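Chains as they are written, first to last, in the deposited numbering: chain R, 107 to 121; chain D, 387 to 421, 427 to 482; chain E, 93 to 273; chain Z, 11 to 137; chain X, 1163 to 1219, 1226 to 1263; chain H, 36 to 318; chain G, 20 to 233.
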Amino acid sequence: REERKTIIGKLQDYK
Amino acid sequence: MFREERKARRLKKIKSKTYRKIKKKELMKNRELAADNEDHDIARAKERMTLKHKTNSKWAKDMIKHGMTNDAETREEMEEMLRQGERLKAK
Amino acid sequence: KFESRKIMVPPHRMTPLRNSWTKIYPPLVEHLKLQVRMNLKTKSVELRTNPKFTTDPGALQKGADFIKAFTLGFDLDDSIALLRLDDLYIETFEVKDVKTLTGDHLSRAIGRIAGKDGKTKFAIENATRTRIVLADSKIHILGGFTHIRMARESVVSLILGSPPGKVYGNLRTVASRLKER
Amino acid sequence: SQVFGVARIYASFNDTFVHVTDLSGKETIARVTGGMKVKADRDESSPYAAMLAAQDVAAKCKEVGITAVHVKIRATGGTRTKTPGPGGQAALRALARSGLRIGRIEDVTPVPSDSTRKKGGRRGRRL
Amino acid sequence: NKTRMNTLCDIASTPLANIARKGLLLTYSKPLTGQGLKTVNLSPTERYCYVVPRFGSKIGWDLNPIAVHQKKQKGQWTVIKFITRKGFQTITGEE
Amino acid sequence: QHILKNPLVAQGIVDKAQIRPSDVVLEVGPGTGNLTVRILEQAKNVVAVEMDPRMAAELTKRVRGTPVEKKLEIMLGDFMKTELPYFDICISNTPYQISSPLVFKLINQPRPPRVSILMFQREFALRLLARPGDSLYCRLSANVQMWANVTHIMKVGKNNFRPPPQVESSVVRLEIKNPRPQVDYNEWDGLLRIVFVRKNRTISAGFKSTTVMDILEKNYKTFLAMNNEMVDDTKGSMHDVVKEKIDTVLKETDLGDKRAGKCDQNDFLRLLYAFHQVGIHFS
Amino acid sequence: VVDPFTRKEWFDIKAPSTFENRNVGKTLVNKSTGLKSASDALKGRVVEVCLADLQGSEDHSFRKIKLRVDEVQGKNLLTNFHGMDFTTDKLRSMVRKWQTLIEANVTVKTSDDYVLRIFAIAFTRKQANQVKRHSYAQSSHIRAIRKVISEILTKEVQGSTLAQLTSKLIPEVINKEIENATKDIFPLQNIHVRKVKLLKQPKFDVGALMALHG
RNA sequence: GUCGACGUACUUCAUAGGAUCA
RNA sequence: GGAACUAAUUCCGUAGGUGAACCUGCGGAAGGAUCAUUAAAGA
RNA sequence: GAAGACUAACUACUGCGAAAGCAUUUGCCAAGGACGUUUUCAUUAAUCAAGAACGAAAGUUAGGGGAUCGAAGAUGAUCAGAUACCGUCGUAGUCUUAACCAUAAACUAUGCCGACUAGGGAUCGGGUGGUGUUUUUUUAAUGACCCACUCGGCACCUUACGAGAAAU
Ligand SMILES: [Mg+2]
Ligand SMILES: [Mg+2]
Ligand SMILES: [Mg+2]
Ligand SMILES: [Mg+2]
Ligand SMILES: [Mg+2]
Ligand SMILES: [Mg+2]
Ligand SMILES: [Mg+2]
Ligand SMILES: [Mg+2]
């Protein structure tokens, strides 16, 4: 769950 | 000869108990329409000697003892056996 | 205006041609004014319109249609019906042209189309006013255009798998909505 | 004396084309379909539409120089049915009843030394 | 609504079709089969078969079968003689 | 049209929904109100959606003189064409051809529900509740398990139905994540469409088709033209670049060898991020 | 806006030497405009004539011929030989059940070097006191018949140019030679040749073509 | 968790046929 | 917006399935109702 | 003209193969059953846990090919009935080389070897006989048929003396 949350933040970066 | 043999081959392959049952029914009808006690007394004597048409036979005792004759088709067959034997034992 | 046809005869319909010839050459000669000749040295019927007697230009093709429909397998009187009226066509198709069947599957398919004692075939004819001959695999249908499309749709519903009771039921519904019109 | 041309009768489910060309095949003098002669789309292939087609072609070619035709009639062929239906023979009948002289009827459907798949799948197409 | 059929005569099996052959009162079917009812061929154009006789033209019925012996004249198995049961057993023994 | 005749699965469906005394139930496809009246007892206000005005007339006849007569609205028409009002749980029996639309319409609501008790066909539900690596893990499971969470309740066997149909049914509790996560929808779906075409071939297989490389080349061009950065030399058309681009991702994140019907959700995230990082988008 | 049959000009197709009814028929082109002269548009057509209508016969009602236009002069256009074939209805009516079908082809180059491929068909038959009903061959006969037919077609083509081969194809001599040379092996009714088709016409050589209609 | 696949345990559905009489 | 002025068939194996009360691709089975014609090198 | 599949009618569930299966010609390679035999060895055999070769269609890995049809997908219609629930493009596949997988109503819903028990007509292969027919060379000689026999196959009919509850 932790890993998922960090990657979704990094995807907020490249929208 | 060849046409009759081709027909008989193709019919020999059809074993499907409704089709054979239908053909036998209308055969027994035509046999009765189109086409003496001593033969009957010999047949009754052999039937009482043998008791072949009662439910101590291997097929029937198998079906009965394993609850398989409550389905009504094998009950059809079992009753047919019993009435055939009862035809023989009549006097 | 002298003109001809010549149409061949396959051998299983050569006995019934030379066995029913006596009813064939009359209603090709007087009623139609047409000059038959059957060749045997090439097994074929030949027709020719002779310019004197004839009136109807469609006589030659009328006769050729008649003999050909006798050739494909239809009995004499039915082919005579092809000779008389002006609204009669034949449609031929196969069993491998609906669904590729072979082996035993194909002999069972012809068993469903023909029915026992012919019954199923006759039902399709009687409730559609068409005439069906059912050859080795090729199936031939004679009638008028709308009727043969009805009988084609029932036959093709029988090849593909549907049982025969369903096609009696749908057949009598078709008969109802046919006879009113 | 006479002048001959060929009449190619494609007879599909959903039409009939009556084409009339020369002997050579290349130059065409009269194409009508069945579709030009009934504007209902019910029945592009109906025998009546075929009759009207053939009458039009017979008239148009008689207005050229051409007095006799050899007919080459074909169904779809290929990997579909292989025998002319009713549309082709209605066109043929109404072409013989037209004052053209017809000689040498034949039947050229394409028939394969067995070929590719047929549309439809394992379970057959039309019903 | 009672109906009144006047003067009767009462018959069953053979003599109806003996004197129903006299016109188009009666036609037949294809030969029937099974065991004891198998068609025998004496020739390519001559045979002995059990047949059931049909009687009603457009809506009708059928009598009891008969060992009819027939031949084929100009492409039709034309019925000829009414063989009985035992005669048919002999004539099927012979082939 | 089938009728849930069993009067005991009905109560269990209702009370698993945990209806509070201040809820707005949507209740889609009510039928003849064998089920509805329980919801009328336990909810403040019910919104039943129906298409057969015969059923609607009979159902509104059922509530007459009853104290719950004023706590039921009926909306007619096709369900997939209305505008649903706010509703707060959802209970559904509706015939199964809308089973896949329905779910996504609930997930894509504005202010979605909180819990919904849905009835489905057994194999459909077993797609929805299938973890990565099972035989049934499909594309549908990866979508729905991203935006929701789906939990079995019971089996409804096929002899509780008039007339008895052929397929077994399931009762399933679906519950939407809140907030819905902030990956896109259309990028997620584009990636899953590509990599789940052939579920058990490896992932690099799905990036070999020439339809797909055409799609990705078109998208990459339109992305650069969105940022106005003019294009280099390509040996075929542009997919050349894209080709090695794709391979490089399928070297780094390792995923170009695992088989997409065994890869759980974080792996699709890592793949999505890696393609986003090198300038690829899926819609 | 055109009515195209205002400008097309009829021509007439003439058969080669080795046929009786040398006249065949008419055809349309277009008028010979400068910028697309007509003569360069005629010079590849093939015409189908059913050689009854080319030899007066009537047992030649099958066997269509294909004639190819190669030269043109003054509203005559002179033709050649392009190939030969059966009509599909005879061919469908030979092939029957309870007998076997032998077929053979060969590729062969003639004297004038036309490379052409020539086909041949034959069927077995029930010798006229045979009672058993089918008469298939035994497939070690069929390879003997196929080798015989192929040897005779190879030999008898390339001892001829093309015109000689053509007039050995009209009286059906090859049939009689096959029939004689193949009846110690098996009975074999219904021999034909059913097709011949060109593959390489060599080079033009006007001399032969104008030696035919000379 | 009214979870799945099993493993044990149990429940339940399918029984009338001929003859005579009314 | 307004005030208006007129008018009126049953399955087996395998692979998949996001409008799935089940559908489809490929190979296989009958445990699925055969009528009619049949020498035509009848040299 | 190019491309890649496929081998119609003949074609007979007859022929061959342990099964799955096998249908254009030609050659090459090696193999096989039956028949014939006054050859040869002389019990070398039958069935088989372990172990091993092959195993339709689908399916995976890596190349090639990619015409046709086409799981998935996308779209057109959703016109009372769908009785006549489908249209259009189509990824994987279908083809092939090298490895995997090892399943089918893989059917005769029927283990293998040996013996005995009845009458007939056909068909495939081999062999023996015949002042029979044709193929004549000019009479032979093969080949093709006809008739009788025999061994070995795939099937069919009629009856049981027999078996079954019955189909058979
Ligand atoms: Mg073992
Ligand atoms: Mg395989
Ligand atoms: Mg494969
Ligand atoms: Mg590959
Ligand atoms: Mg397509
Ligand atoms: Mg292996
Ligand atoms: Mg098999
Ligand atoms: Mg098994």
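The beta carbon of each residue, even a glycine, is placed where N, CA and C say it ideally should be.
1) What residues in the region 146 to 177 of chain E bring their beta carbon closer than 7 Å to a beta carbon of chain Z?
2) Can you tell me whether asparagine 40/G is buried or exposed? The criterion is at least 16 other CB atoms within 10 Å of its CB, across all chains shown.
3) Evaluate contact between the region 240 to 250 of chain H and the region 27 to 42 of chain G, counting only Cβ atoms and requiring at least three cross-stretch pairs below 8 Å.
4) Does any C-beta atom of chain G lie closer than 7 Å to the C-beta of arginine 114/Z?
5) Would you kindly report the start and end of the unbroken beta strand (DSSP E) that includes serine 205/H?
6) With 16 other CB atoms within 10 Å as the buried threshold, where does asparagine 461/D fall?
7) Could you tell me which chain H residues have their CB closer than 7 Å to the CB of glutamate 109/R, listed as they occur along the chain?
8) Cβ closer than 8 Å: which chain E residues qualify as neighbours of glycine 1243/X?
9) Am I right that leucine 33/Z and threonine 77/Z are in contact with their C-beta atoms under 8 Å? What's the rounded C-beta distance?
10) Exposed or buried, which one is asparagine 128/H when buried takes at least 16 other CB atoms within 10 Å?
11) Quick check on the burial criterion: 16 or more other C-beta atoms within 10 angstroms. Buried or exposed for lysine 154/E?
12) Return the first residue and the last residue of the beta strand (DSSP E) that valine 82/H is part of.
13) Should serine 112/G be flagged as near chain E, meaning a C-beta pair shorter than 7 Å?
14) Enumerate, from N- to C-terminal direction, the unbroken alpha helix (DSSP H) stretches of 4 or more residues contained entirely within the region 171 to 251 of chain H.
15) Could you give the first and the last residue of the continuous beta strand (DSSP E) run that contains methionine 103/G?
16) Compute the Euclidean distance between the alpha carbons of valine 48/Z and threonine 143/G, then round it to the nearest angstrom.
17) Have a look at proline 1206/X and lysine 1239/X and give me their C-alpha separation to the nearest angstrom.
18) Ignoring anything shorter than 3 residues, give me the beta strand (DSSP E) runs that lie fully in the region 68 to 135 of chain Z, in order along the chain.
19) Under the three-state reduction of DSSP, which class applies to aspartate 282/H: helix, strand or coil?
20) Can you name the residues that DSSP bridges to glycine 15/Z?
21) Pop quiz: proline 216/H and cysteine 298/H are said to be a contact at Cβ under 8 Å. What is the actual Cβ separation, rounded to whole angstroms?
22) Quick one: grab the DSSP three-state call for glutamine 65/Z.
23) Do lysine 93/E and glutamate 138/E have their CB atoms nearer than 7 Å?
24) I'd like to know if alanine 451/D contacts chain X, where contact means its C-beta is closer than 7 Å to some C-beta of that chain.
25) Leaving aside the five residues before and after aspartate 132/G along the sequence, list all residues of the same chain whose C-beta is less than 7 Å from its C-beta, in chain order.
26) I need the DSSP call for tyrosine 120/R, collapsed to helix, strand or coil.
27) Please report how far the alpha carbon of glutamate 418/D lies from the alpha carbon of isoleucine 408/D, in whole angstroms.
28) For a contact defined as C-beta to C-beta under 9 Å, what are the partners of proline 102/E on chain G?
29) If we define contact as Cβ-Cβ less than 7 Å, is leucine 252/E a contact residue for chain Z?
30) Apart from the five residues on each side of it in sequence, which residues of its chain come closer than 7 Å, Cβ to Cβ, to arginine 97/H?
31) Please state whether the Cβ-Cβ distance between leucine 193/E and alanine 201/E is less than 7 Å.
32) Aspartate 113/H lies in the beta strand (DSSP E); which residues open and close that run?
33) Please state if the CB of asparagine 195/H and the CB of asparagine 41/H are separated by a distance shorter than 7 Å.
34) Tell me whether the beta-carbon of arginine 165/G lies closer than 7 Å to the beta-carbon of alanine 123/G.
35) From the DSSP output, in three-state form, read off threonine 201/G for me.
Judging by the given coordinates:
1) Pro149, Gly150, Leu152 and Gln153
2) Working through the seventh sequence from its first residue, we reach residue 40/G at position 21. Label assigned to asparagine 40/G: exposed.
3) no
4) For the purposes of this step, residue 114/Z is taken as residue 104 along the fourth sequence, with counting starting at 1. Yes, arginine 114/Z counts as interfacial toward chain G.
5) Looking up residue 205/H in the sixth sequence gives position 170. For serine 205/H, the enclosing beta strand (DSSP E) stretches over residues 204 to 211.
6) Within the second sequence, the letter at position 70 stands for residue 461/D. Counting Cβ neighbours within 10 Å, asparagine 461/D comes out exposed, since fewer than 16 surround it.
7) Along the first sequence, read from residue 1 onward, the residue named residue 109/R stands at position 3. By Cβ distance, chain H contributes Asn301.
8) Start at 1 with the first residue of the fifth sequence, and residue 1243/X comes out as number 75. Residues of chain E passing the Cβ test: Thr107, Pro108, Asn111 and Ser112.
9) Stepping through the fourth sequence from its first residue, residue 33/Z is reached at position 23. Stepping through the fourth sequence from its first residue, residue 77/Z is reached at position 67. No, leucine 33/Z and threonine 77/Z are not in contact; Cβ-Cβ is about 14 Å, not under 8 Å.
10) As a first step, residue 128/H must be located in the sixth sequence, where it is residue number 93. Buried is the call here.
11) Taking the first residue of the third sequence as position 1, residue 154/E is located at position 62. Under this definition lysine 154/E is a buried residue.
12) Against the sixth sequence, residue 82/H aligns to sequence position 47. Start and end: 80 to 85.
13) For the purposes of this step, residue 112/G is taken as the residue at position 93 of the seventh sequence. It does; some Cβ of chain E falls within 7 Å.
14) Listed in chain order, the alpha helix (DSSP H) elements of length 4 or more contained wholly in the region 171 to 251 of chain H are 174 to 182, 221 to 230 and 238 to 241.
15) For the purposes of this step, residue 103/G is identified with residue 84 of the seventh sequence, where counting begins at 1. Element bounds for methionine 103/G: 102 to 104.
16) Translated into positions along the fourth sequence, residue 48/Z becomes position 38. Translated into positions along the seventh sequence, residue 143/G becomes position 124. Going by the C-alpha atoms only, they are around 52 Å apart.
17) To locate residue 1206/X, count along the fifth sequence from 1; it is residue 44. To locate residue 1239/X, count along the fifth sequence from 1; it is residue 71. Near 9 Å, if we compare the C-alpha coordinates of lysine 1239/X and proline 1206/X.
18) Qualifying beta strand (DSSP E) stretches, in chain order: 78 to 84.
19) In the sixth sequence, the residue the question calls residue 282/H occupies position 247. Three-state result, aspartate 282/H: helix.
20) For the purposes of this step, residue 15/Z is identified with residue 5 of the fourth sequence, where counting begins at 1. According to DSSP, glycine 15/Z bridges with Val79/Z.
21) As a first step, residue 216/H is located in the sixth sequence; it is residue number 181 there, counting from the start. As a first step, residue 298/H is located in the sixth sequence; it is residue number 263 there, counting from the start. The pair is not a contact, with the Cβ atoms about 18 Å apart (cut-off 8 Å).
22) Start at 1 with the first residue of the fourth sequence, and residue 65/Z comes out as number 55. It is helical.
23) Here residue 93/E refers to the residue found at position 1 of the third sequence. Here residue 138/E refers to the residue found at position 46 of the third sequence. Not closer than 7 Å, so no.
24) Reading the second sequence from its first residue, position 60 is the one you call residue 451/D. Answer no: the Cβ-Cβ gap between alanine 451/D and chain X never drops below 7 Å.
25) Walking along the seventh sequence from the start, residue 132/G turns up at place 113. Correct list, in chain order: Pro221.
26) Residue 120/R sits at position 14 when you count from the first residue of the first sequence. In the structure shown, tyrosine 120/R sits in coil (DSSP, three-state: anything other than H, G, I, E or B).
27) For the purposes of this step, residue 418/D is taken as residue 32 along the second sequence, with counting starting at 1. For the purposes of this step, residue 408/D is taken as residue 22 along the second sequence, with counting starting at 1. In a straight line, the C-alpha of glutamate 418/D is about 16 Å away from that of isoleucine 408/D.
28) Counting from one through the third sequence, the residue named residue 102/E turns up at place 10. By Cβ distance, chain G contributes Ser112 and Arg115.
29) In the third sequence, residue 252/E corresponds to position 160, counting from 1. Closer than 7 Å to some Cβ of chain Z, the Cβ of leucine 252/E qualifies, so yes.
30) Along the sixth sequence, read from residue 1 onward, the residue named residue 97/H stands at position 62. Result list for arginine 97/H: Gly68, in chain order.
31) One-based indexing of the third sequence puts residue 193/E at position 101. One-based indexing of the third sequence puts residue 201/E at position 109. For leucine 193/E and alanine 201/E, yes; Cβs fall inside 7 Å.
32) Taking the sixth sequence and counting its residues from 1, one reaches residue 113/H at position 78. Run containing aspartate 113/H: none; DSSP gives neither H nor E here.
33) Looking up residue 41/H in the sixth sequence gives position 6. Looking up residue 195/H in the sixth sequence gives position 160. Contact annotation: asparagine 41/H and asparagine 195/H have beta-carbon atoms nearer than 7 Å.
34) Residue mapping note: residue 165/G aligns to position 146 of the seventh sequence, counting from 1. Residue mapping note: residue 123/G aligns to position 104 of the seventh sequence, counting from 1. Yes, the pair counts as a contact, with Cβ atoms nearer than the cut-off.
35) One-based indexing of the seventh sequence puts residue 201/G at position 182. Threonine 201/G falls in the coil class under three-state DSSP.
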